[PDB]
>>> print(open('work_2.tsv').read())   # TSV, C-alpha atoms and all ligand atoms
chain	number	residue	atom	x	y	z
Q	2	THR	CA	100.25	123.01	-7.15
Q	3	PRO	CA	101.73	120.54	-9.65
Q	4	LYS	CA	99.03	118.06	-8.61
Q	5	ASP	CA	96.42	120.44	-10.06
Q	6	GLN	CA	98.04	120.14	-13.49
Q	7	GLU	CA	98.60	116.39	-13.11
Q	8	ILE	CA	94.89	115.74	-12.52
Q	9	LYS	CA	93.85	118.17	-15.27
Q	10	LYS	CA	96.00	116.30	-17.79
Q	11	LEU	CA	94.69	112.87	-16.78
Q	12	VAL	CA	91.06	113.97	-17.06
Q	13	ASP	CA	91.72	115.67	-20.41
Q	14	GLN	CA	93.37	112.43	-21.54
Q	15	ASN	CA	90.56	110.06	-20.52
Q	16	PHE	CA	87.33	112.07	-20.26
Q	17	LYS	CA	87.66	114.88	-22.82
Q	18	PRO	CA	87.69	112.58	-25.92
Q	19	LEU	CA	84.29	111.30	-24.75
Q	20	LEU	CA	82.74	114.67	-25.62
Q	21	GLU	CA	83.76	114.43	-29.28
Q	22	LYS	CA	83.14	110.68	-29.56
Q	23	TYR	CA	79.54	110.88	-28.30
Q	24	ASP	CA	78.75	114.53	-29.18
Q	25	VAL	CA	78.26	115.52	-25.53
Q	26	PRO	CA	77.43	119.23	-25.05
Q	27	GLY	CA	78.78	119.59	-21.51
Q	28	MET	CA	80.65	117.61	-18.88
Q	29	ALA	CA	81.92	118.09	-15.33
Q	30	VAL	CA	84.55	115.75	-13.88
Q	31	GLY	CA	85.77	116.06	-10.30
Q	32	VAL	CA	88.49	114.28	-8.35
Q	33	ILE	CA	88.91	114.37	-4.56
Q	34	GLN	CA	92.19	113.04	-3.16
Q	35	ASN	CA	93.55	113.56	0.37
Q	36	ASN	CA	90.76	116.07	1.10
Q	37	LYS	CA	91.71	118.21	-1.93
Q	38	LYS	CA	89.15	118.81	-4.67
Q	39	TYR	CA	89.92	119.17	-8.37
Q	40	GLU	CA	87.19	120.37	-10.74
Q	41	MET	CA	87.31	120.17	-14.54
Q	42	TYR	CA	84.47	121.58	-16.66
Q	43	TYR	CA	83.94	121.11	-20.40
Q	44	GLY	CA	81.45	122.33	-22.96
Q	45	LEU	CA	78.04	123.92	-22.60
Q	46	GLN	CA	75.45	123.63	-19.84
Q	47	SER	CA	72.81	124.88	-22.31
Q	48	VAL	CA	73.14	125.03	-26.09
Q	49	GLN	CA	70.35	127.55	-26.63
Q	50	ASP	CA	71.58	129.83	-23.84
Q	51	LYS	CA	75.29	129.31	-24.68
Q	52	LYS	CA	76.22	128.80	-21.02
Q	53	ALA	CA	79.49	127.06	-20.22
Q	54	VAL	CA	79.52	124.27	-17.66
Q	55	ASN	CA	80.81	125.75	-14.41
Q	56	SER	CA	80.78	125.16	-10.65
Q	57	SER	CA	77.13	126.28	-10.46
Q	58	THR	CA	75.83	123.97	-13.21
Q	59	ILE	CA	73.15	121.61	-11.89
Q	60	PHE	CA	73.01	118.11	-13.40
Q	61	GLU	CA	70.37	115.39	-13.15
Q	62	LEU	CA	71.91	112.53	-11.18
Q	63	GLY	CA	69.56	109.80	-12.39
Q	64	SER	CA	69.93	106.55	-10.47
Q	65	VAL	CA	72.71	108.14	-8.40
Q	66	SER	CA	69.78	109.70	-6.52
Q	67	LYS	CA	69.39	106.27	-4.90
Q	68	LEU	CA	72.57	106.98	-2.91
Q	69	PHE	CA	70.80	109.86	-1.16
Q	70	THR	CA	67.71	107.70	-0.58
Q	71	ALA	CA	69.92	105.09	1.08
Q	72	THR	CA	71.66	107.77	3.15
Q	73	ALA	CA	68.25	109.00	4.32
Q	74	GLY	CA	67.35	105.42	5.22
Q	75	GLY	CA	70.55	104.94	7.19
Q	76	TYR	CA	69.87	108.27	8.90
Q	77	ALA	CA	66.35	107.33	10.00
Q	78	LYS	CA	67.51	103.86	11.06
Q	79	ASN	CA	70.28	105.08	13.37
Q	80	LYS	CA	67.91	107.67	14.87
Q	81	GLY	CA	65.47	104.89	15.82
Q	82	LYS	CA	62.87	106.11	13.31
Q	83	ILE	CA	62.98	102.77	11.44
Q	84	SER	CA	64.44	99.31	11.73
Q	85	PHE	CA	65.53	97.58	8.53
Q	86	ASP	CA	63.52	94.58	9.79
Q	87	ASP	CA	60.28	96.59	9.80
Q	88	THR	CA	57.76	96.30	6.96
Q	89	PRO	CA	56.19	99.15	4.94
Q	90	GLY	CA	52.73	98.65	6.46
Q	91	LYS	CA	54.09	99.76	9.83
Q	92	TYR	CA	54.50	103.28	8.38
Q	93	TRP	CA	52.22	103.31	5.32
Q	94	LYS	CA	49.08	102.22	7.15
Q	95	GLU	CA	47.13	101.41	3.97
Q	96	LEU	CA	49.62	98.58	3.27
Q	97	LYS	CA	49.06	96.89	6.64
Q	98	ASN	CA	48.52	93.11	6.38
Q	99	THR	CA	48.97	93.09	2.59
Q	100	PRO	CA	51.33	90.74	0.70
Q	101	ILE	CA	53.82	93.60	0.26
Q	102	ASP	CA	53.80	93.94	4.07
Q	103	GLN	CA	55.75	90.65	4.21
Q	104	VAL	CA	58.86	92.28	2.68
Q	105	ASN	CA	61.13	94.21	5.03
Q	106	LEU	CA	62.70	97.61	4.39
Q	107	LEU	CA	66.19	96.23	3.75
Q	108	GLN	CA	64.80	93.87	1.11
Q	109	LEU	CA	63.03	96.81	-0.55
Q	110	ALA	CA	66.19	98.95	-0.51
Q	111	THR	CA	68.31	96.09	-1.92
Q	112	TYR	CA	65.83	94.95	-4.61
Q	113	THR	CA	65.01	91.49	-3.20
Q	114	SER	CA	61.21	91.59	-2.92
Q	115	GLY	CA	60.91	88.88	-5.58
Q	116	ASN	CA	58.36	90.63	-7.81
Q	117	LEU	CA	59.36	94.21	-8.69
Q	118	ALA	CA	60.71	95.14	-12.12
Q	119	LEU	CA	62.94	98.02	-13.20
Q	120	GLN	CA	60.00	100.42	-13.60
Q	121	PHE	CA	56.41	100.79	-12.48
Q	122	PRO	CA	53.80	99.73	-15.04
Q	123	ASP	CA	53.22	102.48	-17.58
Q	124	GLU	CA	49.67	103.16	-16.37
Q	125	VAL	CA	50.80	103.77	-12.76
Q	126	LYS	CA	50.94	107.57	-12.54
Q	127	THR	CA	48.97	109.13	-9.69
Q	128	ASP	CA	49.48	108.65	-5.95
Q	129	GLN	CA	46.25	106.64	-5.68
Q	130	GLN	CA	47.49	104.44	-8.53
Q	131	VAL	CA	50.79	103.90	-6.70
Q	132	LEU	CA	48.91	102.88	-3.55
Q	133	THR	CA	46.64	100.56	-5.54
Q	134	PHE	CA	49.70	98.98	-7.17
Q	135	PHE	CA	51.27	98.06	-3.82
Q	136	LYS	CA	47.95	96.93	-2.31
Q	137	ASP	CA	47.41	94.58	-5.28
Q	138	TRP	CA	51.02	93.35	-5.19
Q	139	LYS	CA	51.56	89.61	-4.74
Q	140	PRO	CA	54.83	87.72	-4.27
Q	141	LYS	CA	56.49	85.67	-6.99
Q	142	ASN	CA	60.06	84.61	-6.27
Q	143	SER	CA	61.01	83.73	-2.70
Q	144	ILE	CA	61.33	86.98	-0.78
Q	145	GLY	CA	64.92	88.00	-0.12
Q	146	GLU	CA	66.53	85.40	-2.41
Q	147	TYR	CA	66.63	87.12	-5.82
Q	148	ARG	CA	67.93	90.59	-6.70
Q	149	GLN	CA	66.24	92.49	-9.53
Q	150	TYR	CA	67.26	96.14	-9.84
Q	151	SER	CA	64.05	98.08	-9.36
Q	152	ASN	CA	62.91	101.69	-9.13
Q	153	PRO	CA	59.59	100.91	-7.34
Q	154	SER	CA	61.41	98.76	-4.77
Q	155	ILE	CA	63.69	101.54	-3.52
Q	156	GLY	CA	61.00	104.13	-4.24
Q	157	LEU	CA	58.73	102.48	-1.68
Q	158	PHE	CA	61.70	102.36	0.70
Q	159	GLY	CA	62.20	106.11	0.38
Q	160	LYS	CA	58.46	106.68	0.76
Q	161	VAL	CA	58.56	104.72	4.03
Q	162	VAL	CA	61.61	106.61	5.31
Q	163	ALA	CA	59.81	109.91	4.67
Q	164	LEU	CA	56.74	108.70	6.57
Q	165	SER	CA	58.88	107.67	9.55
Q	166	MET	CA	60.44	111.15	9.66
Q	167	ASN	CA	56.98	112.80	9.46
Q	168	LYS	CA	58.02	114.89	6.44
Q	169	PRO	CA	57.70	114.56	2.65
Q	170	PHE	CA	60.65	112.95	0.91
Q	171	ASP	CA	61.68	116.18	-0.82
Q	172	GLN	CA	61.97	117.80	2.61
Q	173	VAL	CA	63.82	114.75	3.98
Q	174	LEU	CA	66.66	115.48	1.55
Q	175	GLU	CA	66.50	119.27	1.23
Q	176	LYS	CA	65.94	120.04	4.94
Q	177	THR	CA	67.82	117.28	6.81
Q	178	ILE	CA	70.03	115.12	4.57
Q	179	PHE	CA	71.48	117.78	2.26
Q	180	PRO	CA	72.35	120.25	5.08
Q	181	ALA	CA	73.94	117.48	7.15
Q	182	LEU	CA	76.25	116.59	4.25
Q	183	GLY	CA	77.20	120.24	3.71
Q	184	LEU	CA	75.63	120.45	0.25
Q	185	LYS	CA	74.73	123.88	-1.12
Q	186	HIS	CA	72.96	123.37	-4.47
Q	187	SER	CA	71.43	119.88	-4.43
Q	188	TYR	CA	67.69	119.72	-5.04
Q	189	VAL	CA	64.74	117.41	-5.45
Q	190	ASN	CA	62.83	120.40	-6.88
Q	191	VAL	CA	64.99	123.12	-8.43
Q	192	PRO	CA	63.80	126.56	-7.24
Q	193	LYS	CA	63.12	129.33	-9.73
Q	194	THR	CA	66.27	131.22	-8.70
Q	195	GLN	CA	68.35	128.16	-9.68
Q	196	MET	CA	66.72	127.38	-13.04
Q	197	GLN	CA	69.39	129.56	-14.67
Q	198	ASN	CA	71.94	127.01	-13.41
Q	199	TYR	CA	69.86	123.91	-14.27
Q	200	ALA	CA	71.56	122.28	-17.25
Q	201	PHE	CA	69.48	120.83	-20.06
Q	202	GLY	CA	69.92	117.23	-21.08
Q	203	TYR	CA	70.28	116.20	-24.70
Q	204	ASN	CA	69.05	112.94	-26.21
Q	205	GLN	CA	70.71	110.90	-28.96
Q	206	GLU	CA	69.41	113.34	-31.59
Q	207	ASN	CA	70.83	116.33	-29.64
Q	208	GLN	CA	67.42	117.63	-28.70
Q	209	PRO	CA	67.04	119.27	-25.27
Q	210	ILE	CA	65.28	117.12	-22.68
Q	211	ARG	CA	64.55	117.42	-18.96
Q	212	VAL	CA	63.46	114.70	-16.54
Q	213	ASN	CA	59.68	114.38	-16.19
Q	214	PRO	CA	57.64	113.79	-13.03
Q	215	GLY	CA	56.99	110.14	-12.32
Q	216	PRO	CA	55.65	107.78	-9.64
Q	217	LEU	CA	58.01	108.07	-6.65
Q	218	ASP	CA	60.52	109.71	-8.99
Q	219	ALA	CA	62.33	111.60	-6.21
Q	220	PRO	CA	63.80	108.64	-4.25
Q	221	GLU	CA	64.44	106.71	-7.48
Q	222	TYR	CA	66.07	109.20	-9.87
Q	223	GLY	CA	64.94	112.78	-9.18
Q	224	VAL	CA	67.90	114.41	-7.41
Q	225	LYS	CA	69.87	117.17	-9.14
Q	226	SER	CA	73.24	118.44	-7.94
Q	227	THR	CA	76.42	120.31	-8.89
Q	228	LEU	CA	79.98	119.04	-9.14
Q	229	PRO	CA	81.21	120.73	-5.90
Q	230	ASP	CA	78.30	119.21	-3.98
Q	231	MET	CA	78.98	115.74	-5.40
Q	232	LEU	CA	82.65	116.09	-4.45
Q	233	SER	CA	81.55	117.02	-0.92
Q	234	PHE	CA	79.31	113.94	-0.93
Q	235	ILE	CA	82.24	111.72	-1.95
Q	236	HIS	CA	84.35	113.38	0.75
Q	237	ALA	CA	81.63	112.51	3.27
Q	238	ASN	CA	81.77	108.88	2.10
Q	239	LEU	CA	85.59	108.92	2.19
Q	240	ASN	CA	85.78	110.48	5.68
Q	241	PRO	CA	82.57	109.72	7.60
Q	242	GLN	CA	84.38	110.00	10.95
Q	243	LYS	CA	84.87	113.75	10.35
Q	244	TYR	CA	81.10	114.38	10.37
Q	245	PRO	CA	78.56	114.52	13.22
Q	246	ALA	CA	77.37	111.15	14.44
Q	247	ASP	CA	73.85	111.37	13.00
Q	248	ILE	CA	75.11	111.72	9.43
Q	249	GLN	CA	78.25	109.67	10.14
Q	250	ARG	CA	76.18	106.62	11.09
Q	251	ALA	CA	73.99	107.20	8.02
Q	252	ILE	CA	77.03	107.09	5.73
Q	253	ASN	CA	78.44	104.00	7.46
Q	254	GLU	CA	75.08	102.27	6.98
Q	255	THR	CA	75.30	102.67	3.19
Q	256	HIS	CA	78.78	101.07	3.14
Q	257	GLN	CA	77.82	97.72	4.70
Q	258	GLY	CA	77.35	94.98	2.12
Q	259	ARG	CA	74.10	93.08	2.57
Q	260	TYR	CA	74.62	90.25	0.06
Q	261	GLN	CA	76.69	89.42	-3.00
Q	262	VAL	CA	75.92	88.54	-6.62
Q	263	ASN	CA	79.05	87.13	-8.32
Q	264	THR	CA	81.87	89.66	-7.68
Q	265	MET	CA	79.50	92.50	-6.70
Q	266	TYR	CA	78.43	93.27	-3.13
Q	267	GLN	CA	75.10	95.08	-2.79
Q	268	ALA	CA	75.38	97.75	-0.11
Q	269	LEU	CA	72.62	100.26	0.68
Q	270	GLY	CA	72.45	102.10	-2.63
Q	271	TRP	CA	76.16	101.74	-3.34
Q	272	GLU	CA	77.61	98.80	-5.22
Q	273	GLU	CA	80.56	97.36	-3.29
Q	274	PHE	CA	83.61	95.49	-4.58
Q	275	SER	CA	86.80	94.07	-3.12
Q	276	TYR	CA	89.76	96.35	-3.76
Q	277	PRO	CA	91.75	96.19	-5.91
Q	278	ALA	CA	88.96	95.36	-8.35
Q	279	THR	CA	89.65	94.47	-11.97
Q	280	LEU	CA	88.14	96.57	-14.73
Q	281	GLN	CA	86.01	93.61	-15.81
Q	282	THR	CA	84.59	93.28	-12.29
Q	283	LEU	CA	83.42	96.89	-12.38
Q	284	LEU	CA	82.13	96.40	-15.93
Q	285	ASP	CA	80.26	93.22	-14.94
Q	286	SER	CA	78.12	95.24	-12.52
Q	287	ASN	CA	76.73	97.02	-15.61
Q	288	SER	CA	75.99	93.87	-17.64
Q	289	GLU	CA	72.46	93.19	-18.84
Q	290	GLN	CA	72.29	90.10	-16.61
Q	291	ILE	CA	72.89	92.11	-13.43
Q	292	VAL	CA	70.90	95.22	-14.36
Q	293	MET	CA	67.84	93.83	-16.14
Q	294	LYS	CA	67.33	90.27	-14.86
Q	295	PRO	CA	66.83	88.55	-11.50
Q	296	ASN	CA	69.86	86.89	-9.93
Q	297	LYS	CA	70.08	84.61	-6.91
Q	298	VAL	CA	71.80	86.32	-3.99
Q	299	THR	CA	74.48	84.76	-1.78
Q	300	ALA	CA	75.10	85.44	1.90
Q	301	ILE	CA	78.30	87.27	2.79
Q	305	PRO	CA	85.78	91.91	2.70
Q	306	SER	CA	88.53	93.99	4.31
Q	307	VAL	CA	89.64	96.29	1.46
Q	308	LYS	CA	86.67	97.68	-0.46
Q	309	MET	CA	85.65	100.14	-3.15
Q	310	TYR	CA	82.26	101.51	-4.19
Q	311	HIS	CA	80.62	103.00	-7.27
Q	312	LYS	CA	77.22	103.76	-8.77
Q	313	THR	CA	76.05	104.65	-12.27
Q	314	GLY	CA	73.09	106.92	-12.89
Q	315	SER	CA	71.25	108.04	-16.01
Q	316	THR	CA	68.24	109.91	-17.31
Q	317	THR	CA	67.23	110.26	-20.95
Q	318	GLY	CA	69.52	113.27	-21.26
Q	319	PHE	CA	72.07	112.88	-18.46
Q	320	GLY	CA	74.80	110.49	-17.41
Q	321	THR	CA	76.36	110.21	-13.97
Q	322	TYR	CA	79.08	108.10	-12.36
Q	323	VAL	CA	80.52	108.24	-8.84
Q	324	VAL	CA	83.26	106.08	-7.34
Q	325	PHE	CA	85.51	106.24	-4.29
Q	326	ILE	CA	88.28	104.12	-2.76
Q	327	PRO	CA	88.58	104.51	1.04
Q	328	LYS	CA	92.05	102.96	1.32
Q	329	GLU	CA	93.49	105.42	-1.21
Q	330	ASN	CA	91.37	108.35	0.06
Q	331	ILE	CA	90.38	109.15	-3.53
Q	332	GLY	CA	87.16	109.52	-5.50
Q	333	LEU	CA	85.79	110.66	-8.83
Q	334	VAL	CA	82.52	112.19	-10.07
Q	335	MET	CA	81.43	112.38	-13.71
Q	336	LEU	CA	78.44	114.47	-14.81
Q	337	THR	CA	77.38	114.75	-18.46
Q	338	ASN	CA	74.35	116.42	-20.03
Q	339	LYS	CA	74.16	113.62	-22.61
Q	340	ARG	CA	73.84	109.93	-21.81
Q	341	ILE	CA	76.97	107.95	-22.67
Q	342	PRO	CA	77.50	104.18	-22.31
Q	343	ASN	CA	78.16	103.13	-18.72
Q	344	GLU	CA	81.24	101.16	-19.78
Q	345	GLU	CA	82.85	104.38	-21.04
Q	346	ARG	CA	82.20	106.07	-17.69
Q	347	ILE	CA	83.73	103.14	-15.79
Q	348	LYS	CA	86.76	102.78	-18.08
Q	349	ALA	CA	87.62	106.49	-18.02
Q	350	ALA	CA	87.36	106.72	-14.22
Q	351	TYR	CA	89.33	103.47	-13.89
Q	352	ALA	CA	92.25	104.84	-15.92
Q	353	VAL	CA	92.24	108.16	-14.06
Q	354	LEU	CA	92.15	106.76	-10.52
Q	355	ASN	CA	94.89	104.23	-11.31
Q	356	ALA	CA	97.26	106.76	-12.93
Q	357	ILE	CA	97.02	109.36	-10.14
Q	358	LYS	CA	100.04	109.30	-7.85
Q	359	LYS	CA	99.32	107.99	-4.35
Q	401	LIG	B1	69.07	104.27	-13.17
Q	401	LIG	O1	69.84	105.08	-13.92
Q	401	LIG	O2	69.59	103.02	-13.16
Q	401	LIG	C1	67.60	104.24	-13.74
Q	401	LIG	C2	67.48	103.22	-14.87
Q	401	LIG	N1	67.93	103.80	-16.12
Q	401	LIG	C3	67.13	104.41	-17.08
Q	401	LIG	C4	67.94	104.83	-18.12
Q	401	LIG	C5	67.48	105.55	-19.39
Q	401	LIG	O3	66.27	105.51	-19.73
Q	401	LIG	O4	68.32	106.19	-20.08
Q	401	LIG	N2	69.24	104.47	-17.82
Q	401	LIG	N3	69.23	103.83	-16.58
Q	401	LIG	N4	67.24	105.57	-14.22
Q	401	LIG	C6	65.85	105.94	-14.38
Q	401	LIG	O5	64.99	105.15	-14.12
Q	401	LIG	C7	65.48	107.33	-14.88
Q	401	LIG	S1	65.20	107.29	-16.67
Q	401	LIG	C8	64.20	108.73	-17.16
Q	401	LIG	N5	64.63	109.75	-17.95
Q	401	LIG	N6	63.64	110.73	-18.17
Q	401	LIG	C9	62.48	110.51	-17.58
Q	401	LIG	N7	61.34	111.41	-17.68
Q	401	LIG	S2	62.49	109.01	-16.67
>>> encode(input="work_2.tsv", output="structure tokens", more="lines below")
Ligand SMILES: *[B]([O])([O])[C]([C]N1[C]=C(C([O])=O)N=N1)[N]C(=O)[C]SC1=NN=C([N])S1
Amino acid sequence: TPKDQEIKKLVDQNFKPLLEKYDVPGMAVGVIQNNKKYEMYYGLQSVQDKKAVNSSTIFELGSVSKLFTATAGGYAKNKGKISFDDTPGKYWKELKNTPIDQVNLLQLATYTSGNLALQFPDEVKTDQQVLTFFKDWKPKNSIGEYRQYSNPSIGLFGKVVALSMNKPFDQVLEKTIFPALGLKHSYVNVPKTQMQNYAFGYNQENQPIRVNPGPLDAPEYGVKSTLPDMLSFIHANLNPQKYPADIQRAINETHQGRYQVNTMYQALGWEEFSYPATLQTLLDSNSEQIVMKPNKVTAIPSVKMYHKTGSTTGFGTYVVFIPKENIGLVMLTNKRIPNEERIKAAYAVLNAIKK
């Protein structure tokens, strides 16, 4: 179809120069419009092995993994396994009647506990250390009033969701969430038969690097996936009514905005904006003030759009979809590039595609 060549030209125009500007080994860019998928692959999945990026290449999603954690939370909530008004001590019994047991699950998933930073303390490694950290936790800012983007906040949320489903979190995604979304090669732990498809990341000095195990790493940033699976995930977010009710209600749960900070609406995992959104509005969601510092939230849009950036030391990820236009884009790179470049390139592509 002529649309195949129209999308290929737009992605070559906006995303391909990023490979030479930032010395990116490999990249996969996908566009889904009107239920049609368009996949563009560039460069090498592995420099040592000289493998081209293809439809089987597995990328580290980074913070985009939080979208699957939120989907799992919306799945357990609509099945009656959890209520977003419950507290973690109801499911993690060792946290019963502790200060952290005063924060509800929605506040953990939306980073409003009032005293949780971007990362765990460096010395928090083992599972006993993670439990000790939450048992010793004490509140600072008023609970539910300040948003500070936090891995441990949503990591505890995913830990609680796994406990309510009576299965480990890796099985929550790989056995229930991933099959319900129709995903074929998305993993929390990549099996040995898929290591040949697991791309290597590359740091600023072009050395190979792969994400390391960390405290609650799976619900925070430890999901790996391919471009076709991520396009299927965007399709599920673009057309939730075409999926069974259990996963349909889970997707709808992640689309409801819970509060707003300036022009950004914080949904479950996703970042929500009023459509049409200016480029600066999407860029402001990446600013140091929003990402690294606490911000007072404001209580609560008809036309909406959503996006989420994700990164590891050697990978960059960006997903975005517009329900009114029935269009979405996925960017996967095996070298971390500035988030503004990911947003700008996807903004120019989605706006130049014919309706
Ligand atoms: B998420 O992407 O927002 C989140 C925060 N983050 C970290 C970085 C980075 O260090 O490049 N960019 N955004 N991502 C993470 O916490 C995972 S970072 C890690 N990379 N390798 C590891 N062993 S941990």
>>> residues_near_ligand(input="work_2.tsv", ligand="ligand LIG 401 (chain Q)", cutoff="9 Å", atoms="all atoms listed in the file", output="number ranges by chain")
Q: 62-67, 119-120, 150-152, 210-215, 218, 221-223, 292, 312-321, 340
>>> residues_around(input="work_2.tsv", residues="residue Q:225", least_positions_apart="5", cutoff="8 Å", atoms="all atoms listed in the file", output="compact mmCIF listing (two decimals) with C-alpha atoms, keeping the file's coordinate frame")
# COMPACT_ATOMS: atom_id res chain seq x y z
CA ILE Q 59 73.15 121.61 -11.89
CA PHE Q 60 73.01 118.11 -13.40
CA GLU Q 61 70.37 115.39 -13.15
CA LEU Q 62 71.91 112.53 -11.18
CA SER Q 66 69.78 109.70 -6.52
CA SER Q 187 71.43 119.88 -4.43
CA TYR Q 188 67.69 119.72 -5.04
CA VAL Q 189 64.74 117.41 -5.45
CA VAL Q 191 64.99 123.12 -8.43
>>> atom_distance(input="work_2.tsv", atom1="atom CA of residue Q:351", atom2="atom CA of residue Q:260")
24.2 Å
>>> residues_near_point(input="work_2.tsv", point="(92.2, 109.1, -16.0)", cutoff="6 Å", atoms="all atoms listed in the file", output="list in words")
residues 11, 12, 15, 349, 350, 352, 353 and 354 of chain Q
>>> atom_distance(input="work_2.tsv", atom1="atom CA of residue Q:307", atom2="atom CA of residue Q:329")
10.3 Å
>>> residues_around(input="work_2.tsv", residues="residue Q:93", least_positions_apart="6", cutoff="10 Å", atoms="all atoms listed in the file", output="list in words")
residues 102, 132, 157, 160, 161, 162, 164 and 165 of chain Q
>>> closest_residue(input="work_2.tsv", among="Q:274, Q:201, Q:76, Q:179", to="residue Q:246", atoms="all atoms listed in the file")
Q:76
>>> closest_residue(input="work_2.tsv", among="Q:113, Q:148, Q:68, Q:248", to="residue Q:310", atoms="only C-alpha atoms")
Q:68
>>> axis_aligned_box(input="work_2.tsv", around="stretch 35-45 of chain Q", padding_each_side="6 Å", output="JSON")
{"center_x": 85.8, "center_y": 118.7, "center_z": -10.9, "size_x": 27.5, "size_y": 22.4, "size_z": 36.1}
